[PDB]
């Protein structure tokens, strides 16, 4: 139902999904007036990110993004509970405007954004259960800029022509997910927010890394042209483009940084 364009687009999500009009919404613009250094923001540790190349992981077009399912043995160490991986996915723009990150920095969009979604597996037996509970989810966000070809991201992008339509699934060999993260992961922004898609649950601890990664113009164009929101047999196809939400009012929140300058 919900979309990023037209009558069912983001200003209407709250009609069906009340949390979309509630507090603590994401994404946000990261800018100086709302940043505050917090020396207690110690480095995360990425455990079991190096997935075996002999195993395979399900890539699915869900009608809104492309998502890779991740195993629960993959987890973040360093939060106040263990958060185990559940899936990663992307947000992007379109061929004529490759500026589709969700978070912005000092008012500017990056080309795209990767989210790696984790859930509190100490407390909950699955991400769905966790998704509507306080600090149930932790998402890592990587800002993506147009730059050099990125062989690691291509381990995902080379399979897109196989998940072109809603409901389609493909298998991706395992690779080291840490290769999708930027330099100096110890430098990040941290804030309490929400899912950026319906149902917009305000249950996410966000970590946005300070530094972007690069993928090429050709890899952005492939991501921006490969996928459809609709099923393979739909007589009204809709391209999966511009699948990012506008930034949200801050509502008195600060964003805490692990870097001072």
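Note that the rigid core is defined as the largest set of C-alphas that superpose within 1.5 Å between two forms. Numbering follows the first chain given and starts at 1.
In 9 other deposited structures of this protein, superposed by the rigid core, the C-alpha atoms of 250-258 lie farther from the shown form than the other of 2-10 and 250-258. With each structure aligned by its rigid core, the stretch whose Cα atoms sit farther from this model in 9 other deposited structures of this protein, between 18-26 and 234-242, is 234-242. For the segment pair 157-165 and 105-113, the entry gives 157-165 the higher mean B-factor, averaged over Cα atoms. Stretches 13-21 and 248-256 differ in mean C-alpha B factor, with the higher average recorded for 248-256. Out of 89, 190, 133, 118, it is 133 whose C-alpha atom has the highest B-factor in the PDB entry.
The entry assigns its greatest Cα B factor, within the set 60, 211, 207, 219, to 60. Ranked by Cα temperature factor within the chain, residue 195 sits in the lowest third according to the deposited record. In the deposited entry, the Cα temperature factor of residue 137 places it in the middle third of its chain's modelled residues.
Per the PDB record, residue ranking by Cα B-factor puts residue 202 in the middle third of the chain. Per-chain ranking of the deposited C-alpha B factor places residue 149 in the lowest third. Among the modelled residues of the chain, residue 48 sits in the middle third by CA temperature factor in this PDB entry.
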